[PDB]
>>> print(open('entry.txt').read())   # compact mmCIF, C-alpha atoms
# COMPACT_ATOMS: atom_id res chain seq x y z
CA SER U 257 1.70 -12.39 3.04
CA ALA U 258 3.01 -12.76 -0.50
CA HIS U 259 1.09 -9.69 -1.75
CA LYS U 260 2.53 -7.30 0.85
CA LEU U 261 5.52 -4.96 0.67
CA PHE U 262 7.60 -2.92 3.09
CA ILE U 263 9.10 0.19 1.47
CA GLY U 264 11.69 2.55 2.92
CA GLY U 265 13.57 5.59 1.72
CA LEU U 266 10.68 7.70 0.42
CA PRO U 267 11.27 11.47 0.46
CA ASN U 268 9.58 12.60 3.65
CA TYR U 269 7.61 15.43 2.03
CA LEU U 270 5.59 13.12 -0.24
CA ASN U 271 2.03 12.68 1.03
CA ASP U 272 -0.28 9.64 1.06
CA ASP U 273 -1.89 10.41 -2.29
CA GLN U 274 1.47 10.90 -4.00
CA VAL U 275 2.97 7.69 -2.65
CA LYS U 276 -0.24 5.82 -3.48
CA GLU U 277 -0.12 7.11 -7.06
CA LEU U 278 3.41 5.75 -7.53
CA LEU U 279 2.40 2.39 -6.11
CA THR U 280 -0.85 2.07 -8.09
CA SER U 281 1.07 2.68 -11.31
CA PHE U 282 2.00 -1.02 -11.00
CA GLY U 283 -1.56 -2.22 -10.35
CA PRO U 284 -4.40 -2.05 -7.84
CA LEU U 285 -3.87 -1.90 -4.09
CA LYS U 286 -5.97 -3.50 -1.38
CA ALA U 287 -4.16 -1.85 1.55
CA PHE U 288 -1.78 1.04 2.10
CA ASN U 289 -0.31 3.24 4.79
CA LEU U 290 2.43 5.85 4.92
CA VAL U 291 4.23 5.75 8.29
CA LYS U 292 4.07 9.00 10.26
CA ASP U 293 5.38 10.30 13.55
CA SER U 294 2.37 10.30 15.86
CA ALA U 295 3.30 13.62 17.51
CA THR U 296 4.51 15.70 14.55
CA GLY U 297 2.49 14.04 11.81
CA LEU U 298 5.53 14.00 9.53
CA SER U 299 6.28 11.08 7.25
CA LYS U 300 9.09 8.70 8.22
CA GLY U 301 9.53 7.67 4.57
CA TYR U 302 8.31 4.12 5.13
CA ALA U 303 5.19 2.66 3.56
CA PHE U 304 3.40 -0.66 3.78
CA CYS U 305 1.09 -1.87 1.04
CA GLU U 306 -0.75 -4.89 -0.29
CA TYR U 307 -1.46 -5.45 -3.97
CA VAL U 308 -4.55 -7.26 -5.19
CA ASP U 309 -2.55 -9.38 -7.67
CA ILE U 310 0.55 -11.49 -6.98
CA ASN U 311 2.06 -10.78 -10.39
CA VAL U 312 1.76 -7.05 -9.73
CA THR U 313 3.41 -7.50 -6.33
CA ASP U 314 6.36 -9.22 -7.98
CA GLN U 315 6.72 -6.48 -10.61
CA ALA U 316 6.33 -3.72 -8.01
CA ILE U 317 9.12 -4.95 -5.77
CA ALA U 318 11.36 -5.39 -8.80
CA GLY U 319 10.53 -1.96 -10.13
CA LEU U 320 10.57 0.02 -6.88
CA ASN U 321 13.61 -1.57 -5.28
CA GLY U 322 16.55 0.74 -5.96
CA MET U 323 14.40 3.45 -7.54
CA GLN U 324 16.00 6.89 -7.18
CA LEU U 325 13.77 9.76 -6.01
CA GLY U 326 16.10 12.77 -5.93
CA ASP U 327 18.69 12.22 -3.18
CA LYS U 328 16.81 9.15 -1.86
CA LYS U 329 16.87 5.53 -3.02
CA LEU U 330 14.03 3.14 -2.23
CA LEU U 331 14.66 -0.18 -0.54
CA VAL U 332 11.74 -2.59 -0.96
CA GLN U 333 11.04 -6.13 0.19
CA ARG U 334 8.19 -8.55 0.59
CA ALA U 335 6.58 -8.27 4.03
CA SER U 336 7.26 -11.78 5.30
>>> encode(input="entry.txt", output="structure tokens")
Amino acid sequence: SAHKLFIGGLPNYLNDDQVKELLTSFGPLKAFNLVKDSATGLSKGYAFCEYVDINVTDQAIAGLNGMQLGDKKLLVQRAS
């Protein structure tokens, strides 16, 4: 859907609350998950989210795509 994003490249030590805080700085979320290895529990650095508002979605992909977080760079797209 047009409100949904697929994010990769997050530093693997960031937790759900920290990733969620970065995302909600753009506007409110209606869904979120941070992808984890089922056996180790460690983050894979991917996240999926859905914003309430389409305009926020558009600004979030523009703002997050290419964002540098230390030695990592986010790659973000709409979740077609």
>>> closest_residue(input="entry.txt", among="U:298, U:274, U:312, U:266", to="residue U:286", atoms="all atoms listed in the file")
U:312
>>> residues_around(input="entry.txt", residues="residue U:316", least_positions_apart="4", cutoff="8 Å", atoms="all atoms listed in the file", output="list in words")
residues 279, 282, 312 and 320 of chain U
>>> closest_residue(input="entry.txt", among="U:297, U:261, U:308, U:270", to="residue U:284", atoms="only C-alpha atoms")
U:308
>>> atom_distance(input="entry.txt", atom1="atom CA of residue U:273", atom2="atom CA of residue U:300")
15.3 Å
>>> closest_residue(input="entry.txt", among="U:322, U:313, U:276, U:304", to="residue U:292", atoms="only C-alpha atoms")
U:304
>>> atom_distance(input="entry.txt", atom1="atom CA of residue U:291", atom2="atom CA of residue U:310")
23.3 Å
>>> closest_residue(input="entry.txt", among="U:332, U:323, U:285, U:295", to="residue U:309", atoms="all atoms listed in the file")
U:285
>>> closest_residue(input="entry.txt", among="U:307, U:257, U:268, U:296", to="residue U:281", atoms="all atoms listed in the file")
U:307
>>> atom_distance(input="entry.txt", atom1="atom CA of residue U:288", atom2="atom CA of residue U:275")
9.5 Å
>>> residues_around(input="entry.txt", residues="residue U:289", least_positions_apart="5", cutoff="8 Å", atoms="all atoms listed in the file", output="PyMOL selection string")
chain U and resi 272+303-305
>>> axis_aligned_box(input="entry.txt", around="stretch 308-318 of chain U", padding_each_side="4 Å", output="AutoDock Vina command-line options")
--center_x 3.4 --center_y -7.6 --center_z -7.9 --size_x 23.9 --size_y 15.8 --size_z 13.4
>>> closest_residue(input="entry.txt", among="U:269, U:294, U:278, U:258", to="residue U:319", atoms="all atoms listed in the file")
U:278
>>> residues_near_point(input="entry.txt", point="(20.2, 9.4, 3.6)", cutoff="8 Å", atoms="only C-alpha atoms", output="ChimeraX atom specification")
/U:265,327-328
>>> decode(input="entry.txt", residues="chain U", atoms="C-alpha atoms", output="mmCIF file, in the first residue's frame")
data_model
loop_
_atom_site.group_PDB
_atom_site.id
_atom_site.type_symbol
_atom_site.label_atom_id
_atom_site.label_comp_id
_atom_site.auth_asym_id
_atom_site.auth_seq_id
_atom_site.Cartn_x
_atom_site.Cartn_y
_atom_site.Cartn_z
ATOM 1 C CA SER U 257 0.000 0.000 0.000
ATOM 2 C CA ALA U 258 0.949 3.619 -0.619
ATOM 3 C CA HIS U 259 1.455 4.335 3.110
ATOM 4 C CA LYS U 260 3.951 1.501 3.664
ATOM 5 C CA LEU U 261 7.756 1.511 3.592
ATOM 6 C CA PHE U 262 10.538 -1.059 3.504
ATOM 7 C CA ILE U 263 13.736 0.180 5.168
ATOM 8 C CA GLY U 264 17.162 -1.448 5.131
ATOM 9 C CA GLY U 265 20.593 -0.580 6.438
ATOM 10 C CA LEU U 266 19.744 0.260 10.052
ATOM 11 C CA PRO U 267 22.573 -0.263 12.556
ATOM 12 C CA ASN U 268 21.825 -3.662 14.035
ATOM 13 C CA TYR U 269 22.160 -2.550 17.670
ATOM 14 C CA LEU U 270 19.246 -0.095 17.487
ATOM 15 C CA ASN U 271 16.149 -1.466 19.221
ATOM 16 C CA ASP U 272 12.447 -1.193 18.349
ATOM 17 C CA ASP U 273 11.844 1.930 20.416
ATOM 18 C CA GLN U 274 14.835 3.728 18.919
ATOM 19 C CA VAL U 275 13.913 2.906 15.331
ATOM 20 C CA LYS U 276 10.287 3.828 16.037
ATOM 21 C CA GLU U 277 11.366 7.194 17.442
ATOM 22 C CA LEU U 278 13.269 8.025 14.253
ATOM 23 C CA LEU U 279 10.296 7.035 12.122
ATOM 24 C CA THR U 280 7.679 8.876 14.199
ATOM 25 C CA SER U 281 9.701 12.072 13.909
ATOM 26 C CA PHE U 282 8.079 12.327 10.451
ATOM 27 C CA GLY U 283 4.525 11.670 11.685
ATOM 28 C CA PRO U 284 2.316 9.020 13.254
ATOM 29 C CA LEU U 285 2.636 5.314 12.517
ATOM 30 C CA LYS U 286 -0.126 2.752 12.234
ATOM 31 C CA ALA U 287 2.171 -0.287 11.942
ATOM 32 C CA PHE U 288 5.812 -1.105 12.577
ATOM 33 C CA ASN U 289 8.209 -4.003 12.961
ATOM 34 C CA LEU U 290 11.971 -4.348 13.213
ATOM 35 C CA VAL U 291 13.136 -7.573 11.530
ATOM 36 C CA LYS U 292 14.968 -9.983 13.837
ATOM 37 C CA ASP U 293 16.641 -13.351 13.543
ATOM 38 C CA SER U 294 14.198 -15.787 15.123
ATOM 39 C CA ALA U 295 16.931 -17.838 16.847
ATOM 40 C CA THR U 296 19.321 -15.137 18.087
ATOM 41 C CA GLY U 297 16.843 -12.291 18.466
ATOM 42 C CA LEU U 298 19.282 -9.884 16.837
ATOM 43 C CA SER U 299 18.130 -7.185 14.452
ATOM 44 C CA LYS U 300 18.761 -7.665 10.732
ATOM 45 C CA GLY U 301 18.633 -3.899 10.170
ATOM 46 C CA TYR U 302 15.426 -4.022 8.156
ATOM 47 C CA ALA U 303 12.161 -2.426 9.223
ATOM 48 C CA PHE U 304 8.670 -2.270 7.788
ATOM 49 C CA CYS U 305 6.256 0.489 8.696
ATOM 50 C CA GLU U 306 2.985 2.131 7.729
ATOM 51 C CA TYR U 307 2.260 5.811 8.267
ATOM 52 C CA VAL U 308 -1.215 7.110 9.000
ATOM 53 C CA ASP U 309 -0.885 9.956 6.462
ATOM 54 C CA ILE U 310 0.160 9.721 2.803
ATOM 55 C CA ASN U 311 1.949 13.078 2.870
ATOM 56 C CA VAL U 312 4.028 11.887 5.820
ATOM 57 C CA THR U 313 4.864 8.672 3.958
ATOM 58 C CA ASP U 314 6.143 10.700 1.013
ATOM 59 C CA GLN U 315 8.277 12.936 3.249
ATOM 60 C CA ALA U 316 9.589 9.963 5.243
ATOM 61 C CA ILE U 317 10.860 8.060 2.235
ATOM 62 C CA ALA U 318 12.470 11.233 0.901
ATOM 63 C CA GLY U 319 14.050 12.030 4.237
ATOM 64 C CA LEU U 320 15.168 8.543 5.271
ATOM 65 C CA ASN U 321 16.451 7.333 1.922
ATOM 66 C CA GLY U 322 20.217 7.838 1.926
ATOM 67 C CA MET U 323 20.336 8.910 5.570
ATOM 68 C CA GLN U 324 23.727 8.165 7.136
ATOM 69 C CA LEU U 325 23.749 6.495 10.573
ATOM 70 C CA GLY U 326 27.443 6.117 11.394
ATOM 71 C CA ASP U 327 28.970 3.611 8.961
ATOM 72 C CA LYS U 328 25.524 2.631 7.615
ATOM 73 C CA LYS U 329 23.341 4.278 4.966
ATOM 74 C CA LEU U 330 19.591 3.685 4.826
ATOM 75 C CA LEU U 331 17.909 2.506 1.656
ATOM 76 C CA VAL U 332 14.148 3.103 1.714
ATOM 77 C CA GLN U 333 11.322 2.429 -0.713
ATOM 78 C CA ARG U 334 7.568 2.224 -0.821
ATOM 79 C CA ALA U 335 6.329 -1.300 -0.064
ATOM 80 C CA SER U 336 4.585 -2.040 -3.357
#
